[PDB]
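Chains as they are written, first to last, in UniProt numbering: chain A, 70 to 176, 194 to 251, 258 to 396; chain B, 102 to 189; chain C, 28 to 128; chain D, 88 to 215; chain E, 88 to 208, 235 to 670; chain F, 46 to 243; chain G, 54 to 102; chain H, 36 to 167.
Ideal placement from N, C-alpha and C gives every residue a C-beta, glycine not left out.
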RNA sequence: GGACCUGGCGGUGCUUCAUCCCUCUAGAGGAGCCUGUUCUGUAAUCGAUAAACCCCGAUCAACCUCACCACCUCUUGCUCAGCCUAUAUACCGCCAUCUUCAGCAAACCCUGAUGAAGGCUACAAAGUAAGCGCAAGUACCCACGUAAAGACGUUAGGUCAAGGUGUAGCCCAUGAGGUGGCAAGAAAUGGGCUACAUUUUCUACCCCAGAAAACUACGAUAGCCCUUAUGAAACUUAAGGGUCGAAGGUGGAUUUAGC
Ligand SMILES: [Mg+2]
């Protein structure tokens, strides 16, 4: 209940003061981050679930935001859309519809739509898939319409940033170069590409033609420079370790491409990315499962 | 305590093993368990025997349960008299 | 008060092996070599054969220490697979967790 | 073996066969059946065959203002105590067995006319 | 030593003592089972070896009748086995040394042949005892042989026999040890009832005998001297000072026991300002800033007596000095057993409450209770009196809660004192509400008393105070309900209670309430009831029925 | 009917915000909810629920809490223990000077584990290390010593490493390492006739 | 040492300081069976002859 | 169907604590181990002895506090110390609790040759994490 | 007997699906051997045994293990006895199977006149707040994937031989101990290994080589012999060497696995 929440808030304030005393810091400037660090130090827990570790947050966060009963002592609900059972969702829809009406009166890249779980957390109300789809359609109709700054801010409450994903150094002799790293399977490589050179690659201190006898590995090495037409114009010193011949070739290729990105133009960097020369390959060996011959092959189902 | 100290984390070791699931037959069904061993190496440099003993006692008496410790001590020594000059 | 008579037999075998281990080691060292004369080695063979049968370490079986199960025993914990699973799945064994990777 | 023993709950679950296909189906007639009993109904901590009196556990810690010492009941009084425990268990079982009849409905094997008491009370001061 | 859990934290001194005794009983039971079944605990898996966790044996190994077997039984303190071994040795004629028989005499005389007490299996000197029998059977006797018997006789209060054996030793021209001298001092003092000067001369003569024998005395000598001279009090006061001066001159530094004995000697009903004040002040000046050490078995009772006189003299500064001396170094370990510690802290807190500012008094209350001890109802009453003197009644509710923590919930004296202090005066509505809540809690405690085996006893003053507090808080309905308790248990309602009830009724204009008050007062036949009746006609708008009832009740005047 | 004991309110209520925490927890002790004045919650919450409160929370009881090692407590403990420390020689500023003055390094290991038995065989191993450059040898003695030691000498690091593990105690292994170094040095400085067959 | 463990627990149960629930269940079943008529005969007295 | 250490839902009324509620695959994920000792770490030894000791301690404590235990024990080991942390219902008078604490501590200390401490936390009733 | 409801079924209609079929790769089905089962034999275990038995309980049998057999021995016995004696069709415990599922079960509410029964439409028309499962979260290298998880229920599914236990039975024996012993192929079948080679074989090397290449080829981890390792015990097990160079020449219907 509300009185319970008030008591929890008072207890949290007292506990915050006590924790500040315990860690020897100013209670007046003991932020939530300090509280979390102190709790993690005093009550260490290796449990992988972060929600299972000890927590002493504010009651506004520990307790669900569904709040106590939505009516006072008289029993009158606070919200006028309470009897809809989804007062948050329908209030939001009503506000969006009012915004659309006002837009009628007056007259993509780094963001995505929050998932249904995120919206449910926002409104602390359970919602159906079709309800979420209807709200998304309304929001997208709002966006497509000539939305103003206020509507853009309203949408940004639901926009979620998309997860889309170089230095130049000088040696002791003033040779401008770039250094980068790459991984492929188990092989790990570190490459150094100099700004000016005459196409000489030394792998582990050994020339590539003597270190990579297979023509395929040399072709993989040639791929980045040949893509940007810079064959024979750069000097590369790279060291690779682990894996086999092809894994090492791929790791060196990725490291060389990433390092060479420091010299080619931004459009050339984008072209290299679109060619796949910069994406770290996540294809790694899959573990063998018990009761099976291999990663995916089952044992021969016995003849019947 | 005025002791130079450095910290690093050696790579963990995850020992895994497999057991038959059912008490009888059903060989194709197993349960796999593991025992993760996480490490932390503290290197303390250039401290005397008394300070080393005090610090080791302090950190060992407070060692949390479930955490083992392996302290390696590099004892500086002088050449014995027999080795400073040849007896021959 | 052991789990079964087989566990009792194993305990007796272990005790006798511990009792006779020094003499068995000495006689085997007398045997497993080529330095000593052949007649002495044959006498040592006869003597070690004359020793009680249960003193031989090969007769010791690593049964489970709680259910006397003679197979599926993890040597590090000396428990059968069933008992080890029962204890590990209840969290009563330190640091042992289900392996998922 | 001590390590092979189990708890009372597990033993009751195993012996009573409360679960399983037999309970669900009942193909195997169980007129000769077992019922759960509380083995710890009347057991007092610190009471056993040897009849020892441990101060502070089963006998008063301080008697006549002085701390009692470890004392063992005589064989006669210990036998009397064991017999009294047996008789108390028998009395508890007898009281468990006794019950009270009810009033039949329209006929001795028909539910019609049998009263069910008042309806369950409502959530907020709404009783019947 | 207790468990830091709300359900297992002791809530009284009695509960504290009982919990500690129960824990010790559990430890004793465990030790008994360990000793009874050693084969279940012989598997030693500890590295390094831990001897104190191994089972202990109580069976002699040397079974053949020999001197080694006798010494083994003496070390094992098996009195019956030792006596049987000596008898068999004497009958068989096998060799025994003077030292072995001396050790046997030590074992027998120290216990006085009384069998030692284990977990399970006045002149206490028995007239029929084997110690004197073996001493007679002893062919060779030395200084130690006489000394052990004398010490055993004195320990068992066989003073006459000890003096006779000392006379025998003197005739044999042996030199008694200092312990024998102390035992003889005790025997000489306790043997006969004489004036102080006779015992004083006897003690000086024994000391001169020791000087002639060249034996140098110890702390135990003067300690026993003072302990035995404690009877004469005023007679031995100055001679005790002479003994202390002699101790200082010799260099035998007095310990806590010596000062405690001097304190007990100088303690007597009368005027402590005469000499006792000088004694305690000089002792405190001497001992200030000195760390003590275990020197005498009676060193633990010093602080108890010191705080007793501190309370008696009403010198809070002296008590503070004593407490500081206790806190310095490891002197706190000399506070003594649980009873002595409780008495010491009780007297200290009583003195603090009596003679200190209420702020420092509350600081001391927080510091000591419950960490130091659990207060008694009298100490709580003293604290309440100090608070009332300071007029800091706002703490009074908290104290009651503290009382509920310390088991004084059902203490009638404390409850009545709290109620009288709260209801004595009228206070702002916040304090009045706090007092009403405290009174309601006290009433609830009265309803839940464990003395609920017969018709409950309700103190009249307590009921009046609770009703007055409730009325002054505006909770008149509870007072109206409680008015029936007076009639039920014949407890006279207070005159001020009736006055306040009538005032509230007149302000609220409730003639029925005034009629009820007059009915109660007439049931109790108080004279004030007459005025109440008049007041009901004088201050209230009275209906015809109520007026007729008042006229009829007027005949009771 | 016998009275039923009522549990007291926890003493965290009587605590003060500016008290001395190390007094409450001087030593390592299990998490006591009645003694920790913090509203800590642990446990995976149920749906539309909150993490379990500390009272009865077995999860918090499982955690090896560091409430007895707060920074204030650590600072006070170090201040107390400063009396026990001895200053390291300020002259030996770097490992170069350490090798210059102390050319023999002895490595040993102490293993700490939970259990009633403290014995551990791996603690008996002693590793002596010395730079041949720091020794006093000529060309012939160095060459003979290298052949004598075999794999124990790494020419890259110029460090001779003698590992003693055959004696039951660490002190015995250290004595054996010193003796082995002594005899190796003396034989290195000793020249045999058959050495002419090189 | 199963001897040590079992004997110690049995002795504690006899002393009343250890409530062996499993042994209590076994004793209850034994009493019921003895009432039913199932009892061990004396040695050397096998029913089959 | 997996059956290990799981409490199967029957009617939605049976109460279970936090540990009983969670299935074995939640160990080290949502619930820690009930015994902490260095036996199972890399290179360490005497794991079997510690496991046997833990099993015996759990059985002994369950049989010594009949019905008092409100949850599983926590067996912590620091050096040669041995802390048994238990959660107990407030059934018995504290005299019996203190007697049992002293008894169990002394007996276990003499039986395992290590200083055994017993820390009890009392609860009014078995803590209910959820109903099944 | 009339009408209706639910289910089953229809050589029942329509619609849409999946690895159901074709398509892709490598296998099995032919040979030898390893191993498992079955059968025979023997004085000589048991259990699993359609998918969901068949390198299964076993992460393992020369003695031990061992529960089998023959012979001999013991009787308060290691146990306040014991039993691997019967019953998985009394059970706990741990699992298989659909599940490579998404639903389940309570507590209510409503409709049908308060009949059995039924309860969905998103521009929504009576369903629903909670619980369990999926999901989410977590482990591994990510947000992907793989693990893990996977309710209720189905097959009286498997296990009384992990252990515990109900009932029943044994107690000079269905208990306990000792010595010795099986374990062979006339076979059938399941899985696996090695092959039948030239994208191969041998050597060097770890991918720029030289030879071999059909009766002195390819092809045995088989047989025979001799060492060696372990062990008290080895023609038994394993490793190595020698010797032998066998069947076989890419294998039918059918069948397994993979994204
Ligand atoms: Mg009838």
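How about residue i and residue j: are their beta carbons less than 8 Å apart?
i: residue 72/E; j: residue 282/E; result: Not covered by the structure: residue 72/E. The range shown for chain E is 88 to 670.
i: residue 173/F; j: residue 182/F; result: no
i: residue 261/E; j: residue 193/E; result: yes
i: residue 86/F; j: residue 131/A; result: yes
i: residue 606/E; j: residue 568/E; result: no
i: residue 107/H; j: residue 92/E; result: no
i: residue 177/B; j: residue 130/F; result: no
i: residue 347/A; j: residue 274/A; result: yes
Return the CA-CA distance between residue i and residue j, expressed in angstroms with no decimal places.
i: residue 147/D; j: residue 160/H; result: 27 Å
i: residue 110/H; j: residue 143/B; result: 28 Å
i: residue 126/H; j: residue 101/F; result: 15 Å
i: residue 209/E; j: residue 511/E; result: Residue numbering in chain E breaks between 208 and 235, and residue 209/E falls inside that break, so it has no position here.
i: residue 306/E; j: residue 300/E; result: 12 Å
i: residue 123/C; j: residue 100/A; result: 37 Å
i: residue 165/H; j: residue 53/H; result: 8 Å
i: residue 110/B; j: residue 169/B; result: 15 Å
i: residue 164/B; j: residue 90/H; result: 24 Å
i: residue 196/D; j: residue 212/D; result: 37 Å
i: residue 152/E; j: residue 443/E; result: 49 Å
i: residue 255/E; j: residue 186/E; result: 10 Å
What is the DSSP secondary structure of residue i, counted as helix, strand or coil?
i: residue 281/A; result: strand
i: residue 209/F; result: strand
i: residue 120/F; result: helix
i: residue 97/H; result: helix
i: residue 130/D; result: coil
Q) Is the stretch 99-118 of chain C touching the stretch 106-120 of chain D, taking contact as three or more C-beta pairs under 8 Å? A) no
Q. For the stretch 545-556 of chain E against the stretch 646-656 of chain E, are there 3 or more C-beta pairs whose distance is under 8 Å?
A. no
Q. What are the complete alpha helix (DSSP H) segments, minimum 4 residues, inside the stretch 493-549 of chain E?
A. 509-518, 525-536
Q. Is the stretch 183-191 of chain D touching the stretch 96-109 of chain H, taking contact as three or more C-beta pairs under 8 Å?
A. no
(Q) Runs of 4 residues minimum, wholly inside the stretch 254-321 of chain E: which ones carry the alpha helix (DSSP H) assignment? (A) 256-268, 272-284, 291-304
Q. Between the stretch 369-377 of chain E and the stretch 410-429 of chain E, do at least 3 Cβ pairs fall closer than 8 Å?
A. yes
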